[PDB]
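The chain below stands alone and is given as structure tokens, in the form deposited in one PDB entry.
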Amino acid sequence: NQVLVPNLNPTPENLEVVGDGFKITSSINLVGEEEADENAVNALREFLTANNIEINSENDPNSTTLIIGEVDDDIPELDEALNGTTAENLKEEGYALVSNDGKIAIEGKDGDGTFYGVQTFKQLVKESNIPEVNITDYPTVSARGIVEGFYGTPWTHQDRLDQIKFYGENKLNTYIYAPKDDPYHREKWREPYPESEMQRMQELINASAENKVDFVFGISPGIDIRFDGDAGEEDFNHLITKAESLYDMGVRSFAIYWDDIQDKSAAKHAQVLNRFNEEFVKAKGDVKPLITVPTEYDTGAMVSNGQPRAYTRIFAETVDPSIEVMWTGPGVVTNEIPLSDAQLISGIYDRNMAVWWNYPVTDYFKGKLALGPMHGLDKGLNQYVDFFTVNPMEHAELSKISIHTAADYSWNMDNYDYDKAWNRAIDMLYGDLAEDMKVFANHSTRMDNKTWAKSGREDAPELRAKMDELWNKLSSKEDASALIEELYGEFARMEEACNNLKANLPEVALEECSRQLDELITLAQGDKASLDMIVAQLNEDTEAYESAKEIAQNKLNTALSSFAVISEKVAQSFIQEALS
């Protein structure tokens, strides 16, 4: 029978189904391996090994045939199997994939593209079966990735190697390495890596390249940099020396941060940029565009009554237009970047901008996990933005859910559906546990420290609606009891799911969310007690009510003084509501 197209992330620009599917044989003829991108071919080899698919050395016409290469390779049998499809006319990083009557063909516009075709290929195949499809695919935004920019417990080395492979698998191509643990990033910002630190950095650098990730080395000399006279000169050379020493280990992307600094003059920040850009970036000729974050980096701090402040205005004139400029949106952590905000800032800097989006980062509100999708990001932003990065959580495993959606948003922006993306993330990442994780993660999408920092999808919004509806039914004495029954079932479901997650989540996830699992179980029991209160009072029964009321205060006080935080406006607020 038919072979269905599995979930893919990101969603490819164009995918047509052309056959029923077929089973890839025990082993295959691989064609083009000698001409095609070395990293694409190694990804392919690893996948084939991990799935017990051998490679014939002698062509066997009984065996499935896999042909891989770039446009700029001369592989006639690739064009033959593509049978009309082509990557020739796509942007950079695009590719074409055709799977049909026993052949798979992958043609990248460039090697990045080819590597990305392999990542699609990997997603399409299940228990050796592939659908017969026809894909041409390319990204909306051209830098797409992560900045390691949060505070708190930095990621381990093993976390980073895991993330980088993950970024490659979801077609993210940028990783800004600016950890606050690392002295060689800020304090000690002059000063090459020791010797004891070189083997670690080298592994980060090489893993990145192997997965088509731009390892951007982030530097932050605001701590103590001198701009004037001999000191200015000496420090500029320390900057150059430092970048040379990283150039020498393989680094070909650099970012310079001015976000925390004493001497706060735009003209001086932009001169150090412009000179580095000339004397280093351009001189080397294989270094990617320099990146910077300026001292004013949110619309709040950058603009006043539609007019740039002094800093921004000066920085914006002075700074070379080849330089990439990061800004976080309307504020540092904000609901939205609407098109008008992008336009405004893009206009001022007179260029396509770079986004530093502070979600899912939780460093400002550590008890809550941010497990929701990219949200409030206007689906036309690519008109003014061609570099998009997320600042994730200290919790690397669970950051994968938001990051997975950032991958769809930034690759295929027209078609981005936050809720569809959110479900696909959980489905793809959590397997046999996805339905349970969805129940739980549903209550942990929304960030709000109640001062300055608010972003993300509202928690569990269907359930909020049923809770509001229950209060209307009660307070205009209409019948409520179908709903009450329905809500007993929801709260039971919450508890069931979180218990199943505690029992079955692998440690790598469990250990980042177990406090919250417990917290949501508690609030769920208090929610259950809160309906017990409502039933008791509608049956005028003080015994059952004062008993239930005690149980509900009990769960609320546990949650209120636990470190963990979750479902503040839904599962937690329901209990507060019932007790008033």
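Think of the rigid core as the biggest set of C-alphas that the two forms share within 1.5 Å after superposition. Residue numbers here begin at 1 and follow the sequence given.
The same protein also exists as the form deposited in another entry; that form is not shown, yet it is the one meant from here on.
Pick from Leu463, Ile261, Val303, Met413: whose Cα moves by 2 Å or more between the shown form and the other one, rigid core superposed?
Single hit from the list, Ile261.
Note yes or no: does the Cα of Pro289 move by 2 Å or more between the shown form and the other one after the core is superposed?
The answer is no, as the C-alpha of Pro289 shifts between the shown form and the other one by less than 2 Å after core alignment.
Is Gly489 one of the residues whose C-alpha moves 2 Å or more between the shown form and the other one after the core fit?
Where the cores coincide, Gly489 shows only a C-alpha shift between the shown form and the other one that is less than 2 Å.
Superpose the two forms on their rigid core, then report whether the C-alpha of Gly347 is displaced by 2 angstroms or more between the shown form and the other one.
Superposed on the core, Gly347 moves its C-alpha less than 2 Å between the shown form and the other one.
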